[PDB]
Amino acid sequence: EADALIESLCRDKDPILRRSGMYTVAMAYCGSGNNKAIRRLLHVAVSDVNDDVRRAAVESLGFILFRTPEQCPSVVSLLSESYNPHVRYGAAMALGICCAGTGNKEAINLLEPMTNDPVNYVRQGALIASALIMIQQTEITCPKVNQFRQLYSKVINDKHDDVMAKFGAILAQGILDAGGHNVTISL
Amino acid sequence: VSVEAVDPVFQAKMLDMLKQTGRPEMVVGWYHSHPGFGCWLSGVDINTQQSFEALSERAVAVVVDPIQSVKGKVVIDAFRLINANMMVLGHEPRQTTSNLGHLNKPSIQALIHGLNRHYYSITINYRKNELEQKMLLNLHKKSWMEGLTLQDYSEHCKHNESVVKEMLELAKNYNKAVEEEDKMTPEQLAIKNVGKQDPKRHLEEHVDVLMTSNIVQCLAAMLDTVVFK
Amino acid sequence: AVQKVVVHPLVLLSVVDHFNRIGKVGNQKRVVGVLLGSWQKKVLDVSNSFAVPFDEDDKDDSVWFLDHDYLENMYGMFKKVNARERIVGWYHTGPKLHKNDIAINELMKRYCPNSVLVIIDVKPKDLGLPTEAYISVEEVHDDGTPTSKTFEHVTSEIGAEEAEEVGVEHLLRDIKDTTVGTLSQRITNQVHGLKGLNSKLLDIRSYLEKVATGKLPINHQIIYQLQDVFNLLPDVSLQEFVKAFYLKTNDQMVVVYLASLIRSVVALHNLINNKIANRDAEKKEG
Amino acid sequence: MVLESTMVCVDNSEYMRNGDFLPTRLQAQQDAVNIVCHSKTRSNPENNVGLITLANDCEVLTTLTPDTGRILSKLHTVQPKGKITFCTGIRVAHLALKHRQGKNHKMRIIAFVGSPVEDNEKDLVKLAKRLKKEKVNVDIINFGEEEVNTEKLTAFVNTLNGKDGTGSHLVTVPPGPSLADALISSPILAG
Amino acid sequence: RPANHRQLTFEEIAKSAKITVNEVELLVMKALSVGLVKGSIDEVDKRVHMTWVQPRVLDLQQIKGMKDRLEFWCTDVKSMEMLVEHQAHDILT
Ligand SMILES: [Zn+2]
């Protein structure tokens, strides 16, 4: 039904409504049932000059490609270190939502370049994306000491960091401690 | 810049002349320029700001300084006045701390936090409707285009035979002027093969020379169209 | 007298303001603005301008409303803040030239010096240049018609001196610069045929209509020069230009040798590193 | 006090310099504009007074403003050209009433007619229907005459004058060597 | 004749003006002396090549032929625009 609605509302002059077309088509195409919307999702993610639809673009990509956790980092690995920090942050949200509740290390091995950058956006979304994967995981299976220690050094390193970096840092630390390891999330 | 320079009968006169026209908007702030010594505000400016903020609680203040600013960026910043009684409590209890990353672009290490006490700033965004987008966009494209758009094409199409030939011969003089070193390159490349010491690439410059040389190819079809019909 | 003029986009964005401060009333008539510029030098340079409340009548076209006190007060204060610019003329946003424009322009012909006229469009759908400088001078006609005000087209250019280029470039962030090469050339070479097609096709239809269905002499005398210049290229047989095609095609051959040879030089580092890097990384990987 | 706009239309034809009537009564009706503008100034100084003629090419001599100091100067250089123009003389002010500053000022327009009317009865009933339609106070002052004073102008006023209660009045001056000031100041419009 | 071998000969001039062949040189010399024509002929055997000229009165067959050649030029420019732009927009954009 929403093919002509989203296709018609995609060429709107308002960038907010341009984000609303992708957020709207996100839940409509859940289940990886349409390989066509990704054409204009990534086409507006790379082609458009405004960073609003660029950082708000790949959330629909993760919402439609949430089925397979392995295929996501192969196509968003280029977006991990993108041109502008906005696609890096929205891509960090994409890795946060696509690999949540799973055990795929294809994002975990890429989290180390995400956590060190002069921009606080990719650091915040990197700590959130790292916080959405370490939940419900044992240490003996995978060596998580790196992200546990670098995630624990943010609350002691907050004196020399940004004011929002510690906000997303402790906010990311509240994700693992949520419910005392008893409750988790599932897509 | 002073409170005495602001003539209330001139201000209210021009504002009334704007009220009799299609401008039913009240004043929202005052702006000025601070050349040389930085965009910061002196004591007189903060005193006339304190005196001019009694009516409007917002009192937006903008300082433009295009004198030392390069033509690459026109980044401008808006200023604000903080309450002197808020020194006990938090300085700026402003929510939505996301845009502060965009407010961190003016990160000069002397003015912003060199005088940040009792003097902060605010974020700035823009807005553009479709009439400004198409009128200003087509106006700028036309500002880079011709009148009839067919005038200055044949000028270069026929200057390829008169003037560009000199640029093609000189272009070949630079090409050979690099090939004389490219004759010596296979010796070093035939000796060391480890590491790069010359910062010159010798490739992208010749690619650009080919791009300037493709004007003859792209305009040959133009001459074919002008000759055809 | 004046060969060309220079119009800054600030006044046209002030026409965007003319379309902004309407207030949704339902009139959207040809609001007349007081054009300002520098008449001192031979070339005309518009820096800024302002407006005056202008209202006409529905039926009668000869009704026009201007103001002298508002013009002398806005011009007096504007001259007090900036005395380097003075009154030159005016401009209307209407797409059609009405008969009352001789009376509207006549006021600024009496009080002000010779005013230039600029016709623009209310909707920026016209692909052509929106600004046309029309000088208000009286010309002698050969047919014997009495001398009247004639609007001769003066060429115009849209340029910015120091800051408006930076402001426009920052506000757009979509337009591209000159960027000589493939894209900026091939786009002009693709859409240029439509850039002349909409103009000529848009003009010769109403022209051919006014040929047979025309009266009230439209200066048919200039049509003889029109068809004359159109017949100044009587489908040349291209016999003499063959050697010119040999010259331009020989330059084409020069571009062929430059492309093949230079690209063959570029193939060196690629077609060497592809081997020495792959075989050494492979033999040293394990 | 009284918040209303005042518009006066004076004739600039050569019919105002005939030696039978007052010696170039243009100055006399100029003094009439002076006493009505100074009288309205004494009543309410916030009233704006405009100046315009009834020639072929109508020109706004002075914008609506209470400052009469420059209006006194603008009353000169009348440029005695043209004979009469009625349609664009009405439309040049009654439609220009919307350009006033104070929206609370009522609409009042007078006119000094020194030439015979060239418009037929159809234009009189169309313009009278327009002015009665938009409900503008119209005072007709006719100085000098060639034919009978009021033959069709009587029905023009009766069809133009609505709101019979305290509505508009008609000013018809007969021939006489006396001044026109006291004769036009007799109705309630002056004072 | 606007096109189709504009080149001509003195036989039509001498035939239409009933003048001899010795006076056609003074005739074209006077034609160039008046200034209404700029025609310069590089001929060897006697020929008459002409250049820009103004009718200045009227031509209806040149109005209809003006519509024919004008519409032909317009539809040819349109044909080249649709032809080049057709695949050119699809491969380059
Ligand atoms: Zn200073």
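Residues numbered from 1 in each chain as written, not as in the entry; some residues may be left out. Chains lettered and ligands numbered in written order. Part of a larger assembly, values for the part shown. Heavy atoms only, no water.

The name given to chain C in the PDB entry is 26S proteasome non-ATPase regulatory subunit 7, and the organism recorded there is Homo sapiens.

Identification of chain A as 26S proteasome non-ATPase regulatory subunit 1 from Homo sapiens is taken from the PDB entry.

Visitor: Outline the overall build of chain A, listing residues and values.
Guide: On a plain count of helices and strands, chain A comes out with 11 helices and 0 strands. In chain A, the succession of helices and strands from N to C terminus is α-α-α-α-α-α-α-α-α-α-α. Against the 2.2 N^0.38 benchmark of 16 Å for 187 residues, chain A shows a C-alpha radius of gyration of 17 Å, consistent with a compact globule. By principal-axis analysis of the C-alpha atoms, chain A measures approximately 50 × 30 × 25 Å. Burial status across chain A gives 45% buried among its 187 residues. Contacts in chain A between residues at least 24 apart in sequence constitute 64% of all its contacts with a sequence separation of at least 6. For chain A, the exposed area adds up to about 10,200 Å²; of that, 58% sits on carbon and sulfur atoms. Charged side chains of chain A number 18 positive and 19 negative; the gap between the two group centres comes to 1 Å. (Helix = DSSP H or I, 4+ residues; strand = E, 2+ residues; numbered from the N terminus. Rg over C-alpha atoms; globule rule 2.2 N^0.38 Å. Buried < 20%, exposed > 50% of the residue type's maximum accessible area, 1.4 Å probe, protein only. Contact = heavy atoms within 4.5 Å. Areas by Shrake-Rupley, 256 points an atom, 1.4 Å probe, with all protein chains shown as cover. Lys, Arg positive; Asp, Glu negative; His and termini not counted. Charge placed at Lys NZ, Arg CZ, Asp CG, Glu CD.)

Visitor: Lay out the sheet that holds strand β1 (residues 4–7) of chain C in plain terms, naming residues and giving numbers.
Guide: Residues and elements named next belong to chain C. Reading across the sheet, the 5 strands line up as β3-β1-β8-β7-β6 and stay open at both edges, with mixed pairing between neighbours. The two strands at the open ends of the sheet, each matched to only one other strand, are β3 (44–46) and β6 (116–118). This sheet shows a mean twist of 35° between the axes of neighbouring strands, independent of strand direction. Sheet topology note: the strand β7 (residues 133–138)/strand β8 (residues 149–158) ladder contains 6 bridges and is antiparallel. Its bridge partner lying in β8, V137 is registered against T150. (Pairing = 2+ DSSP bridges. Axes fitted to C-alpha atoms, helices over the stretch in contact; angles between N-to-C directions.)

Visitor: Give me the lowdown on the packing of helix α6 (residues 221–230) of chain C against helix α3 (residues 61–91) of chain E, citing residues and values where you can.
Guide: Viewed as axis vectors pointing N to C, α6(C) and α3(E) meet at an angle of 45°, and their least axial separation amounts to 12 Å. Taken together, the axis directions place α6(C) and α3(E) in an arrangement best described as oblique. In terms of crossing hand, the pair formed by α6(C) and α3(E) is left-handed. Of α3(E), the residues touching α6(C) (which contributes C:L226, C:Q227 and C:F230) are E:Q62, E:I63, E:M66 and E:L70. Here the residues of the contact of α6(C) with α3(E) are counted per class, giving 5 nonpolar, 2 polar and no charged. (Parallel < 35°, antiparallel > 145°, perpendicular 65-115°, else oblique. Left-handed = near helix turned anticlockwise from the far one by under 90°. Nonpolar A, V, L, I, M, F, W, Y, C, P; charged D, E, K, R; others polar.)

Visitor: A description of the environment of D:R108 should follow, citing residues and the corresponding values.
Guide: Residue and element names in this part refer to chain D. Here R108 is to be found in strand β4 (residues 106–113). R108 gets classed as buried once you look at its relative accessible area, which sits at 19%. Residues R108 and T85 lie 23 residues apart in sequence; the distance between their C-alpha atoms is 20 Å. Once residues within four sequence positions are removed from consideration, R108 is found in contact with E4, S5, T6, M7, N137, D139 and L189.

Visitor: I'd like a rundown of a negative patch on the surface, residues and numbers included.
Guide: On the surface, C:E161, C:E162, C:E165, C:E169 and C:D177 cluster together into a negatively charged patch. With respect to the helices, strands and loops of the structure, C:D177 is situated in the loop between α4 (164–172) and α5 (183–212). (Patch = residues over 30% accessible without salt bridge, like charges linked within 9 Å, V, L, I, M, F, W, Y side chains within 5 Å. Salt bridge = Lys/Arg side-chain N within 4 Å of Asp/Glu carboxyl O.)

Visitor: Now, about the UniProt feature "domain: MPN" in chain C: what can you tell me, with residues and values included?
Guide: Mapped onto this numbering, the UniProt entry gives "domain: MPN" at residues 5–140 of chain C. Along residues 5–140 of chain C one finds 24% helix and 23% strand; the C-alpha atoms at either end are 24 Å apart. (UniProt positions renumbered as here; feature names shortened; annotations may be inferred.)

Visitor: So what about a nonpolar patch on the surface? Which residues, and what values?
Guide: Nonpolar side chains collect at one region of the surface, where A:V155, A:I156, A:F167, A:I170 and A:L171 lie side by side and expose about 490 Å² of accessible area between them. Note on placement: A:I156 falls in the loop between α10 (145–152) and α11 (163–176).

Visitor: Account for the pattern of salt bridges, with residues named and values stated.
Guide: Counted by the stated rule, this structure contains 24 salt bridges over all chains. Between B:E205 and B:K200 there is a salt bridge, with the nearest N and O atoms lying 3.1 Å from each other. With a relative accessible area of 33%, B:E205 lands in the partly exposed category. Between E:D76 and B:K229 there is a salt bridge whose closest N-O contact spans 3.6 Å. Here B:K229 lies in the segment after α8 (204–228) and E:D76 lies in helix α3, a pairing that spans two chains. The two residues E:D76 and B:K229 agree in class, both being buried. Here the salt bridges do not stand alone but share partners, grouping D:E4, D:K40, D:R108 and D:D139 into one network.

Visitor: An account of the side chain of D:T68 is needed here, citing residue identities and associated values.
Guide: Locating D:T68 in the fold gives a position in the loop between β3 (60–65) and α2 (69–74). Discounting chain neighbours no more than four positions away, the residues touching D:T68 are D:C37 and D:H38.

Visitor: Quick one: what's the story with the pairing of strand β2 (residues 60–64) of chain B, residue by residue and with numbers?
Guide: Two faces belong to every sheet, and in a regular strand the side chains alternate between them. Residues and elements named next belong to chain B. Taking every second residue as pointing to the same face, the buried face of β2 carries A61 and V63, while none of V60, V62 and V64 on the other face is buried. In this region the chain leaves strand β1 (residues 29–33), passes through helix α2 (residues 43–52) and returns to the parallel neighbour β2; the handedness of that crossover is right-handed. Here β2 pairs with strand β3 (residues 78–81) via 2 bridges, running antiparallel. By the bridge assignment for β3, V62 is matched with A78. (Right-handed = clockwise from strand over helix to strand, strands pointing away.)

Visitor: An account of the packing of aromatic side chains is requested, with residue identities and associated values reported.
Guide: All names here are of chain D. Applying the stated rule across the entire model yields 8 aromatic pairs over all chains. Measuring from centroid to centroid gives 6.1 Å for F86 and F156, while their planes differ by 65°, and the two rings are edge-to-face. Here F86, found in the loop between α2 and α3 (87–94), pairs with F156, found in helix α5 (residues 153–160); they are 70 residues apart in sequence, far enough to count as distant. On the basis of relative accessibility, which here comes to 6%, the residue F156 falls in the buried class. (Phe/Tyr/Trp six-rings, centres within 6.5 Å; stacked < 30°, edge-to-face > 60°.)

Visitor: Account for the pairing of strand β2 (residues 32–37) of chain C, with residues named and values stated.
Guide: All names here are of chain C. Of all 6 residues making up β2, 6 are buried, and the element is well covered by its neighbours. Burial along β2 is two-sided: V32, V34 and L36 and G33, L35 and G37, pointing in opposite directions, are all buried. The sheet contact formed by β2 and strand β5 (residues 86–92) spans 6 bridges and is antiparallel. Within β5, the position partnered with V32 by the bridge is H92.

Visitor: So what about the packing of helix α7 (residues 85–98) of chain A against helix α9 (residues 120–131) of chain A? Which residues, and what values?
Guide: Residue and element names in this part refer to chain A. Put simply, α7 and α9 touch, their axes get as near as 8 Å, and they point 0° apart. Compared by their axis directions, α7 and α9 come out roughly parallel. Side by side, α7 and α9 meet where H86, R88, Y89, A92, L95 and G96 of the first sit next to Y121, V122, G125, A126 and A129 of the second. When grouped by side-chain class, the residues that make up the contact of α7 with α9 number 7 nonpolar, 3 polar and 1 charged.

Visitor: Mind laying out helix α4 (residues 121–134) of chain D, listing which residues take part and the relevant values?
Guide: Residues and elements named next belong to chain D. With 14 residues, α4 extends 20 Å between its outermost C-alpha atoms, agreeing within 8% with the 20 Å of an ideal straight helix rising 1.5 Å per residue. Restricting attention to buried positions, one finds in α4 the residues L124, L127, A128 and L131. Buried residues of α4, seen end-on, are gathered within an arc of 105° and therefore sit on one face of the element. Along α4, exposed side chains directed more than 90 degrees from the buried face belong to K122, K129 and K133. Tucked inside the fold, the buried residues of α4 contact α3, β5 (137–142) and α5. Immediately downstream of α4, the backbone of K135 shows phi near 60°, a positive value. (Expected span 1.5 Å × (residues − 1). Arc of directions from axis to C-beta.)

Visitor: Pulling in residues and values, what's your account of the arrangement of the chains?
Guide: If you rank the 7 pairs of chains in contact by how many contacts each has, first place goes to chains B and C. In this assembly chain A lies apart from chain E, the nearest approach of their C-alpha atoms being 14 Å. One thing to see here is that chain D and chain E don't touch, and their nearest C-alpha atoms sit 38 Å from each other.

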